[PDB]
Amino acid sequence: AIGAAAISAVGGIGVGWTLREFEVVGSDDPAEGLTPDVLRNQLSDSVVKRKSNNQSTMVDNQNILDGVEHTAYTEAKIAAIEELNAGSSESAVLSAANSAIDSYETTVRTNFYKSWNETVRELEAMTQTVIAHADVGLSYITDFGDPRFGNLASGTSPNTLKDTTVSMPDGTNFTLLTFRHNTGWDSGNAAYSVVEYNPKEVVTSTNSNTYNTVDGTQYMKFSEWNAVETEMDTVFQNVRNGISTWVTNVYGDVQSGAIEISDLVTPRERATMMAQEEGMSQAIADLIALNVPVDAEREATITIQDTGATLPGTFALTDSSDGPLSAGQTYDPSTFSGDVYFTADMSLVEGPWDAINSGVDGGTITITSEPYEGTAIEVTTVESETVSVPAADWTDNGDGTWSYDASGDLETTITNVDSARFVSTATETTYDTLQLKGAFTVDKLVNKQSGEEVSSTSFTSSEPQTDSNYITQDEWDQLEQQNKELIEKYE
């Protein structure tokens, strides 16, 4: 429930890992000649960045996993129909369908385990850095509850990355890294602390916490990683059992040639082609491909209660039963059954900055709250002069106040702040998909072309795939038609 400083919403959501081979985000290596304070800040920043990345892609996209089931059913049914039309044996029909599931599951699982492996490899690289600098304690980077490294040998890591073989459905083996951590004491000591886990299971936990705590940030949470793992197992079990029930009831009665899907462009295929040539943001194209109810016809101007930030953009609900999002109404996403996704241009982000001191003493402007990353505070003085200050230029006083010296920017250095507002630092139109976590109010709902002001929202999605549906050509024709006109609406 933590994202862009300006919006409680989890930002930079990447759902592409459920539809394509996803490349992991690499580790940042700090310099040799560094100060303990600088190393601690750089390590804390890397942990925050890694957790934020993992939240947006794997960890916080739980309610879109029913879409993975939909994608897996589409792909397997097409493979099965081709075999049924060829007058093949029931085993050959199921073989083609399950080979499609095997390749799809391998991709989804490999992407998921690859991101865990990178998180765990990064921690080791960060641990090795702390060991080498010798000005920072291991208790800073590896804290599992009892970070007492008094009996651990010099130049030795308390971590061990164990190779664990995962049997991928396509017959191949994948090396999943099992994270083991031992503080160094003997079994018998009261201080003895050991943890060993991965997204699949907790091997051993002694005087330990699965998750790591670095500068107050809890990450590598087994409960978070295992939640996605157990849901992934559920989804692919349901597809395989469902396709078995489907073929058993469809074999013989559905005539060979009744359904012709050989040239069909699947919602998954449609979204992957968007990557080659992008006419819209990838995440909304992916959410459409996963059959998540979206509102393409309207444009909502939202305002965040706590922040004051206003944004125009398009909505997406994982559960359409979360009711219509009416204009003039205030909504708290913590109460909702599903997850709210908002796709909007970050450059347009704007809101009032009331947390500012009146006095401009010797050109110095002081603010009473942390400036938001990727935004600039536009300070207007009583002499009708304005100065744009990006967050990175605000110096922390450690008093809960931040200051900037505008002696080179203002004509009158000694003055009073008239008003202040925060605006985005983005040079161009930059689209982003956020998962709204904090309370928001829907200001206005603008129709897509005409510009009319509507009261409520209307979400649309194609027929969800079951173990007994997509028997008629009409069901399949509607799938391609409904999807291609949704993509057109965002272009």
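From 1 onward, residues are counted along the sequence shown.
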Check: Higher mean Cα B-factor in the deposited model: 478-486 or 17-25?
Finding: 478-486
Check: Between 267-275 and 405-413, which has the higher average C-alpha B-factor in the PDB entry?
Finding: 267-275
Next item on the list: Among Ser44, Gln55, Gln465, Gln449, single out the one with the highest C-alpha B factor in the record, please.
Entry: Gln449
Next item on the list: Sort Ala80, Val228, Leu287, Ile261 by C-alpha B-factor from the entry and give me just the highest.
Entry: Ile261
Margin query: Split into thirds by Cα B-factor across the chain's modelled residues, where does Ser326 land: lowest, middle or highest?
Written below: highest
Note to self: Is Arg421 in the lowest, middle or highest third of its chain when residues are ranked by C-alpha B-factor?
What the structure shows: middle
Notebook entry, point to check: Going by what the PDB entry lists, where does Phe336 fall on CA B-factor within its chain: lowest, middle or highest third?
Noted result: highest
Note to self: Please place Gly137 in the lowest, middle or highest third of its chain according to the CA B-factor in the PDB entry.
What the structure shows: lowest
Note to self: Among the modelled residues of this chain, does the Cα B factor of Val214 put it in the lowest, middle or highest third?
What the structure shows: lowest
